[PDB]
Amino acid sequence: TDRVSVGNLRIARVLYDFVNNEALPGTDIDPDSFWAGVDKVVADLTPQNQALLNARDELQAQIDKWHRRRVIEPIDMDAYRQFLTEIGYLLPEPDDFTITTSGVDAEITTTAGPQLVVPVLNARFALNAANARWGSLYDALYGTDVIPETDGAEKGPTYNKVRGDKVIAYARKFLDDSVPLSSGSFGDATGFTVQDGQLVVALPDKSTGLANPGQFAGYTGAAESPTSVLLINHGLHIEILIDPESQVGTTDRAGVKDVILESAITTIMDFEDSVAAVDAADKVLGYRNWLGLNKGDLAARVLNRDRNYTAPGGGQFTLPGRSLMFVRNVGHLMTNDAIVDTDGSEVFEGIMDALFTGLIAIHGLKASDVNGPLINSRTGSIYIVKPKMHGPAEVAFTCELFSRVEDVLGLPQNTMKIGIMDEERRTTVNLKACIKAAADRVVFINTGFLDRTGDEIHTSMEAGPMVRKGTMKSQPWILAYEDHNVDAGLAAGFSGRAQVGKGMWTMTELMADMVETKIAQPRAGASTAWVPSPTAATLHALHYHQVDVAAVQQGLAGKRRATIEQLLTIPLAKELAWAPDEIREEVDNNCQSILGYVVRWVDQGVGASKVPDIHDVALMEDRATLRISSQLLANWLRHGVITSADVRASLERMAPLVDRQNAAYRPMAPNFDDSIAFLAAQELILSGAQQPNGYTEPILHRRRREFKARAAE
Ligand SMILES: Cc1c(C(=O)/C=C(\O)C(=O)O)ccc2[nH]ccc12
Ligand SMILES: [Mg+2]
């Protein structure tokens with residue numbers, strides 16, 4: 001009726017045409033054999049994929065039952081650990097080994113810096129993300145609360161000089177700290193020149209060079225009156241733009257216009273938790289954006305070209321003007337009716353994504369005929385982040401999938417590299433084996449701490465009531481999880497070979513707090529960590545200039561700072577831990593968060609957006625935070641902390657508040673049960689305990705499809 005038959009598969013026409021007319025041409029893959037391959041791969045790997053999913057359920061049932069047959073609330077760690085081993089949850093750790101992944105770009109093996117993650121369905125965000133390799137420090141400081149909006153220094157309709165001066169001073173201090181002068185301060189600079197290949201900085205009473213002249217990387221314009229000077233520190237570039245006749249330069253002692261930081265070294269184009277894609281139409285819109293990015297012709301605004309510099313000696317060179325791109329595929333769980341078989345059964349979306357995003361990525365290995373000749377991966381790798389994997393057999397399966405896809409695409413084996421999200425408990429406690437199962441493909445491990453927290457709650461759902469959502473970030477289990485991740489990577493030889501990454505900062509308006517606190521991540525040895533915007537990427541870059549990540553990692557070598565016991569420490573709430581008002585606040589906090597997110601997901605197909613919590617702090621959250629909130633209330637409901645009336649009342653109380661915050665928006669109040677979005681939120685909480693591993697996708701997908709079908713009437 002609207003589907004194309006290929007072997008046992010019935011492919012939605014919109015997807016079939018997209019692949020044939022847009023994805024395949026230029027790849028030199030015969031369409032016939034591609035589609036035959038899709039059918040073969042799906043048929044061969046579907047059974048294993050299903051067996052893996054059934055194994056999760058069998059494990060979770062056994063754990064649930066272990067908790068229900070015990071009364072002793074002080075959990076016996078010795079017996080729990082033995083139980084997990086018996087049932088195959090906790091596997092033996094393999095002998096020491098080193099990863100052998102090759103053909104990986106410098107941005108991944110060597111450079112430490114921010115990693116930006118954006119929804120691929122939003123073409124403009126995606127474009128801005130790709131262009132976010134360079135970002136204005138002045139704009140990041142002026143536009144955020146990193147420079148406090150104190151009296152006199154508030155941002156108005158026009159340039160506030162008092163504020164600008166604070167921005168300038170902040171950046172002079174950064175420069176002093178990052179690329180020190182031999183004597184004196186950048187704050188007192190009057191000019192820059194290049195003399196015999198050395199950077200010279202004029203002070204009022206003298207001239208001076210850098211304390212480390214090798215931090216001078218280049219310049220533009222005349223050496224004796226440069227338009228910019230390029231510095232490098234800890235592998236990251238810093239560009240001072242010189243323009244006395246500019247609106248800012250005119251007020252600056254050296255005529256400096258801006259300081260540009262190399263910011264988002266790598267970007268993850270997300271098909272998973274930050275997007276809403278429930279059918280072939282949604283997937284195509286995403287695939288098309290991924291295609292445009294890899295061909296370099298995406299336009300919503302266009303992709304930046306490379307940056308040209310003059311070397312200290314006077315020669316010419318270029319730096320990449322774009323972030324190196326990963327794509328995040330969906331995980332092993334969900335099916336999607338973009339393709340169905342002859343029984344009407346939907347095909348696994350993870351299998352589809354590997355095939356399609358892998359196909360499309362081939363274009364990023366060829367020179368863009370357009371805004372190029374930017375090759376995404378010069379070293380010939382395709383970078384796919386695989387989320388939500390549970391344990392080493394699931395990693396093995398992703399390997400096999402990637403291997404079979406490479407064959408269908410005619411790519412060399414191991415072309416398709418894997419960024420492993422460590423964001424499920426069964427991966428956390430078997431991490432070394434997981435890395436080993438991908439020892440030839442792995443290019444990162446990353447602590448997806450939000451999903452990890454969700455999995456923590458669901459796995460131990462039957463053990464007792466959990467601590468509040470805000471308490472979770474500082475629990476012993478999570479701190480051990482974070483340290484264990486770093487330790488496993490380093491011991492597997494990631495240093496110099498693969499990224500060790502940490503998680504997302506979600507408080508987009510609290511940039512001063514981000515600058516003060518997120519430095520903890522590179523201090524702990526992470527070579528990269530996630531940010532949600534180009535602005536946040538520029539500000540997080542500051543941290544990699546303050547912290548020598550390579551040195552931190554080498555200082556950590558051989559350390560064993562987390563035990564299996566610490567990892568298995570369930571975040572159970574203590575006896576009488578909350579007063580009535582604290583319980584109410586937490587319920588209201590979670591309900592508002594769920595409703596605010598779900599209404600845009602279900603009604604407008606938006607997978608990530610800003611939602612003010614119970615303190616008005618605007619959070620840029622995605623499905624993972626929804627997973628936490630819904631599981632936490634499900635856990636409180638399961639154990640009698642709150643009643644179903646408390647939840648209902650809270651949802652009904654927060655709903656008009658969420659309608660206010662969104663004032664093409666259809667209001668949830670007052671006809672709650674006429675709102676598909678309101679009912680979805682309720683369902684996420686009330687059925688949370690019965691969702692597989694607490695995953696929210698089954699409900700969101702069902703409800704979004706219901707909504708779309710209504711709008712079609
Ligand atoms: C991409 C993302 C995540 C995210 O997916 C993190 C992880 O996968 C995790 O912690 O599990 C969380 C919050 C966000 N806000 C804007 C983008 C965004
Ligand atoms: Mg996640």
Side-chain angles (χ1 to χ4, degrees), residues 107-108 114-123 125-126 129-130 132 264-277 282-283 285-291 293-294 323-334 336 348-361 364 376-377 381-390 394-395 398-399 401-402 405 416-424 427 438 441-452 454 498-499 501-504 506 528-533 537 607-608 620-627 695-697:
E107 286 82 344
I108 296 169
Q115 180 166 79
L116 171 58
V117 191
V118 300
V120 78
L121 265 302
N122 187 314
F125 287 164
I265 310 314
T266 59
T267 291
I268 300 174
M269 301 299 169
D270 194 17
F271 281 82
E272 198 221 22
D273 279 354
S274 81
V275 303
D282 295 340
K283 298 296 289 182
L285 286 189
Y287 291 149
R288 186 170 291 122
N289 287 343
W290 181 233
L291 178 61
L293 283 160
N294 281 271
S323 211
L324 174 52
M325 300 182 204
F326 293 61
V327 54
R328 181 160 74 166
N329 282 10
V330 308
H332 293 323
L333 176 69
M334 289 300 291
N336 190 295
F348 286 113
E349 197 177 357
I351 296 175
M352 273 175 31
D353 275 357
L355 283 156
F356 302 132
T357 71
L359 170 63
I360 293 167
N376 190 62
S377 173
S381 285
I382 292 175
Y383 305 113
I384 301 189
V385 183
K386 197 63 178 169
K388 295 180 167 58
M389 293 187 295
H390 296 246
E394 296 195 10
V395 180
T398 305
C399 196
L401 176 57
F402 282 11
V405 170
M416 287 171 73
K417 300 296 192 302
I418 181 170
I420 294 173
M421 294 303 305
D422 170 16
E423 65 183 350
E424 311 292 345
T427 290
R441 297 183 178 266
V442 60
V443 293
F444 79 55
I445 62 188
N446 184 289
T447 47
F449 78 104
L450 298 159
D451 267 312
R452 181 59 182 80
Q499 297 177 320
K502 293 187 176 312
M504 183 61 86
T506 60
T528 201
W530 287 7
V531 294
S533 69
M620 252 226 175
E621 60 208 1
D622 77 354
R623 272 207 303 270
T625 61
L626 176 66
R627 185 174 175 206
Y695 289 136
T696 61
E697 293 93 315

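Each residue takes its place number in the sequence, starting with 1.
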Problem - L401 side, atom CG; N329 side, atom CG - distance, nearest 0.5 Å - result: 8.5 Å
Practice task
Provide the closest heavy-atom pair for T267 versus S323 in the form atom of the first, atom of the second, distance.
Solution key: OG1-OG, 2.8 Å
Practice task
Rounded to the nearest 0.5 Å, what's the gap from OG1 on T266 to CE on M325? Could you check?
Solution key: 11.0 Å
Handout entry: Flag side-chain contact, heavy atom, 4.5 Å: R623 against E272
Key = yes
Handout entry: Sequence-distant partners of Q499, side-chain hydrogen bond (donor to acceptor under 3.5 Å, both in side chains), two or more places apart
Key = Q115
Practice task
Kindly compute the distance separating OG1 (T357) from CG (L291), expressed to the nearest 0.5 Å.
Solution key: 12.0 Å
Exercise for the section: Quick one: list whatever passes side-chain hydrogen bond (donor to acceptor under 3.5 Å, both in side chains) with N122, sequence neighbours left out. Expected result: none
Exercise for the section: Please list, chain by chain and in numerical order, all residues satisfying ring-ring contact (aromatic ring centres under 6.0 Å, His included) with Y287, sequence neighbours excluded. Expected result: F271, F356
Handout entry: Contact summary for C399 and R441, nearest pair of heavy atoms
Key = SG-NE, 3.5 Å
Exercise for the section: Look up atom CE in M504 and atom CG in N446, then write down how far apart they are to the nearest 0.5 Å. Expected result: 9.0 Å
Exercise for the section: Measure the shortest side-chain to side-chain distance between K283 and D353 over non-hydrogen atoms and say whether it is less than 4.5 angstrom. Expected result: yes
Fill in the blank from the handout: Output for pair (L450 CG, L626 CG), nearest 0.5 Å, gives 11.5 Å
Handout entry: Side chains of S381 and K417, donor plus acceptor under 3.5 Å
Key = yes
Fill in the blank from the handout: Closest non-hydrogen atoms of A132 and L116, given as atom of the first, atom of the second and distance, are CB-CD2, 3.7 Å
Exercise for the section: Only counting residues at least two apart or in another chain, list the ones meeting side chain to side chain contact (heavy atoms under 4.5 Å, CB included) with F449. Expected result: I478, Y481, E482
Handout entry: Partner set under side chain to side chain contact (heavy atoms under 4.5 Å, CB included) for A537, not counting sequence neighbours
Key = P114, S263, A264, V531
Handout entry: Counterpart residues, ring-ring contact (aromatic ring centres under 6.0 Å, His included), relative to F402 (two or more places apart)
Key = none
Problem - Partner residues of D622 under the side chain to side chain contact (heavy atoms under 4.5 Å, CB included) criterion, sequence neighbours left out - result: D273, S274, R328, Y597, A608, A624
Completion exercise
Residues at least two apart in sequence or cross-chain that pass salt bridge (charged side-chain N to carboxylate O under 4.0 Å, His left out) with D451, listed by chain then number, are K388, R627
Handout entry: From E107 atom CD to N376 atom CG, the distance as rounded to the nearest 0.5 Å
Key = 9.0 Å
Exercise for the section: Begin with the C-alpha distance, continue with both residues' side-chain angles, and end with the deciding distance and a verdict on side-chain contact (heavy atoms from CB on, under 4.5 Å) for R452 and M421. Expected result: CA-CA 10 Å; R452 181 59 182 80; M421 294 303 305; over 6 Å; no
Practice task
Inspect the surroundings of OH in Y695 and state if more than 12 heavy atoms from other residues, nucleotides or ligands are less than 6.0 Å away.
Solution key: yes
Practice task
Mind checking salt bridge (charged side-chain N to carboxylate O under 4.0 Å, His left out) for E423 and listing every partner two or more places apart, or none if nothing turns up?
Solution key: none
Handout entry: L293 versus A126, closest heavy-atom pair with distance
Key = CD1-CB, 4.0 Å
Practice task
Quick one: list whatever passes side-chain hydrogen bond (donor to acceptor under 3.5 Å, both in side chains) with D422, sequence neighbours left out.
Solution key: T428, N485
Exercise for the section: Spell out, as yes or no, whether a donor-acceptor pair under 3.5 Å connects the side chain of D270 to the backbone of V120. Expected result: no
Handout entry: Partner residues of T427 under the side-chain hydrogen bond (donor to acceptor under 3.5 Å, both in side chains) criterion, sequence neighbours left out
Key = none
Practice task
Would you please test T528 and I265 for side-chain contact (heavy atoms from CB on, under 4.5 Å) and show each step?
Solution key: CA-CA 9 Å; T528 201; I265 310 314; over 6 Å; no
Problem - Contacts of type side chain to side chain contact (heavy atoms under 4.5 Å, CB included), residue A361, not counting sequence neighbours - result: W290, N294, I382
